[PDB]
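Here's the structure, in C-alpha cells; my notes come after.
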Amino acid sequence: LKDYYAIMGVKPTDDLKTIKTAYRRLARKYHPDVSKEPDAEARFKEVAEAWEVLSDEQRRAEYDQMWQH
Amino acid sequence: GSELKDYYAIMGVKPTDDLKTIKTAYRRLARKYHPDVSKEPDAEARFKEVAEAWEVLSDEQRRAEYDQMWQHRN
Amino acid sequence: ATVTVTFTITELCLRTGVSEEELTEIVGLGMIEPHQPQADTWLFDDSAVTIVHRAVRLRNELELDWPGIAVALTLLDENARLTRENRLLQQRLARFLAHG
Amino acid sequence: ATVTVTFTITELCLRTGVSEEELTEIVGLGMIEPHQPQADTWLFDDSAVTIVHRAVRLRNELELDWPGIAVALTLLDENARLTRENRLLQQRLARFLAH
C-alpha cells in the first residue's frame, strides 16, 4: 500500500482544492514534457497514480478505508 | 488634435460583446503576438495596439465613454 | 479512400468530451476554427477534433484552464521546434568539421 | 554567517499588490517557497518579490490564472535556455566558416 497523501505532500484531511493545487505543482515539476528532474518519469508515475485516486470522491473514500485496516 | 482607434476591430469583436468574450479575444491575440512564440513579422506593434484596446475595453466605465464617442463621431 | 469529415458543435462535443460552453472558449482562444467563424452555424473539420483531443490530454495531465492550455501547447511546440533546429545546427557543424 | 532578511505574507502583499489569498495559491503552486514551509508563520525573502513581479507581468501580458502562469514561466525558462544554445551553435558555425 502506497501513502498517496505523502506522495502529494498533503494531509489526509485536506480538501479537493488543496490536493488539486498540489497536483498542479507536482505535474509542473515532473510532467515528461515540462520536467528538468532526473527522476521525472518515476516521480510523475507515483504522482499521477495518487491523483487518479485522491481526485475522485468515491475512489478516495475506499482508499481511506483500505489504509486504516 | 488627438487619435481615436477602432478598438473593437483591433480585437476582432463586436461592440455588443460582453467582457468575457472580449477577454477571450485578448488572450487569443496576446498568445498570437507574444514575442517569444509569435511568427508574425509586426508582432510588437500589433500587440501594443491590442494592449491599448484591452486597457479601454476591460474597464466598464472607460468602455461606456469610448462607446459614446465612437458611436457619434462625424 | 480520401474523405472530408465535418462535425457540428454537438458532434464535436460528443467526439472530444468537452461541453458546448468549453468548445466556445476553445474557439475564442484561437485553438481551432470553424469553416466560417461568422456563419450562423459553426462547422468543424476533423483536423479540429485532433487538436481538441491533444488539449484535453494536457488539461488532464497539468490541470490548467483552457487559456493556460492554449499557451502551454504553443510554448511546447515552439520549444520542440527550437530543439529540432538546434539538432540540425549540431549536425551541420559536425558535417562542416568533417569536411574541414 | 550569511543573513537573509525575511518578512511576512502581509509584507509580501504590500510589495507586490497581490492579495494574501492569491499569494497562498502561488505558494501552493510551488512558484515561491517560504523559508520554513511548515512554520506557523511563513516568511519570505526578496527573491519571492522578484518572482511574483515576473508572474504579475506575465498575468498582465497573457491574462492567465496562476496555475497557467506557473507553467508558462517554466516553459519560457526552457525557451530561453534553447535560445541561448541556438545562438552558441550559430556562433560556432560562423567561427568555422571564418577560419
Side-chain angles (χ1 to χ4, degrees), chain A residues 20-41 43-44 47-48 51, chain B residues 26-40 43-44 47, chain C residues 25-26 29-32 51-87, chain D residues 22 25-33 47-48 50-89:
Chain A
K20 189 184 192 183
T21 296
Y23 181 68
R24 279 166 169 167
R25 182 178 68 74
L26 292 160
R28 184 170 65 94
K29 190 180 184 181
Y30 296 124
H31 188 287
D33 299 321
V34 184
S35 185
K36 287 301 168 176
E37 291 286 328
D39 55 340
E41 186 180 74
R43 274 269 45 209
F44 189 68
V47 169
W51 171 238
Chain B
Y26 180 75
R27 285 161 164 171
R28 176 184 72 82
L29 288 159
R31 185 174 62 97
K32 179 172 189 175
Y33 295 124
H34 180 99
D36 290 305
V37 292
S38 181
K39 313 156 188 296
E40 303 291 335
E44 189 169 337
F47 186 61
Chain C
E25 188 185 17
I26 284 164
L29 288 168
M31 292 163 72
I32 61 175
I51 288 166
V52 176
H53 281 149
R54 190 189 180 199
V56 168
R57 286 191 299 273
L58 195 68
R59 173 210 75 201
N60 291 334
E61 296 167 16
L62 291 183
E63 283 288 348
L64 306 185
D65 199 356
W66 297 115
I69 295 300
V71 167
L73 289 169
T74 294
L75 289 168
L76 287 168
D77 290 340
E78 176 55 17
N79 292 349
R81 187 199 64 77
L82 277 172
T83 294
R84 291 183 308 268
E85 174 176 341
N86 293 356
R87 176 157 71 265
Chain D
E22 291 183 48
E25 188 188 15
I26 291 170
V27 167
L29 292 166
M31 293 166 77
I32 58 184
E33 304 207 36
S47 69
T50 299
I51 287 164
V52 177
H53 287 339
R54 187 180 177 210
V56 166
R57 288 188 300 273
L58 195 71
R59 179 191 62 192
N60 296 336
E61 189 179 12
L62 297 176
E63 283 291 348
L64 305 183
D65 69 1
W66 298 120
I69 295 296
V71 168
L73 291 167
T74 293
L75 296 177
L76 287 162
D77 283 349
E78 177 66 359
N79 181 266
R81 184 191 74 77
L82 287 166
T83 300
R84 287 186 300 274
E85 177 189 69
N86 182 265
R87 255 97 278 241
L88 240 182
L89 294 171

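All heavy atoms count here, side chains included; hydrogens, waters and symmetry mates do not. In the text below, chain A, chain B and the rest are named by the order of the sequence lines, each starting its count at 1.
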- Query: Does D/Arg87 reach the side chain of D/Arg84, with side-chain heavy atoms less than 4.5 Å apart?
  - Reply: no
- Task: Would you mind reporting whether C/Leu76 and C/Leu58 have side-chain heavy atoms less than 4.5 Å apart?
- Result: yes
- Item | Worked verdict on D/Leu73 versus D/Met31 for side chain to side chain contact (heavy atoms under 4.5 Å, CB included) | CA-CA 9 Å; D/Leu73 291 167; D/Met31 293 166 77; 4.2 Å; yes
- Query: Does the D/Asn86 side chain pair with the main chain of C/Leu82, one donor and one acceptor, at a distance under 3.5 Å?
  - Reply: no
- Looking only at non-hydrogen atoms, find the nearest pair between D/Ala72 and C/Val71 and report the distance. CB-CG1, 4.0 Å
- Message: Let me confirm one number: the CG-NZ distance from B/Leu29 to B/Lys32, rounded to the nearest 0.5 Å.
- Response: 7.0 Å
- Task: In plain terms, say whether A/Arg43 and A/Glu37 are close enough for a salt bridge, that is, a side-chain N and a carboxylate O under 4.0 Å apart.
- Result: no
- Message: One thing to verify: whether A/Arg24 and D/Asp65 come together as a salt bridge, which I'm taking to mean a side-chain N less than 4.0 angstrom from a carboxylate O.
- Response: no
- Query: Crowded around A/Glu41 CD? As in, over 12 foreign heavy atoms under 6.0 Å?
  - Reply: no
- For the side chain of B/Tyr33 and the backbone of B/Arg28, is there at least one donor-acceptor N/O pair under 3.5 Å apart? no
- Could you give the distance from CD (C/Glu78) to CD (D/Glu78), rounded to the nearest 0.5 Å? 12.0 Å
- Mind checking whether B/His34 and B/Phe47 have side chains closer than 4.5 Å, heavy atoms only? no
- Which heavy-atom pair separates C/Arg59 from C/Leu64 by the least distance, and what is that distance? CG-O, 3.5 Å
- Query: Do D/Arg57 and D/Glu61 have side-chain heavy atoms sitting under 4.5 Å apart?
  - Reply: no
- Under 3.5 Å: donor-acceptor pair, side chain of A/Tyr23, backbone of A/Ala48: no
- Item | Side-chain donor or acceptor of C/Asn79 paired with backbone N/O of D/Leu75 under 3.5 Å | yes
- Task: Give a yes or no answer on whether the side chain of B/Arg31 reaches the backbone of C/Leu29 with a donor-acceptor pair at less than 3.5 Å.
- Result: yes
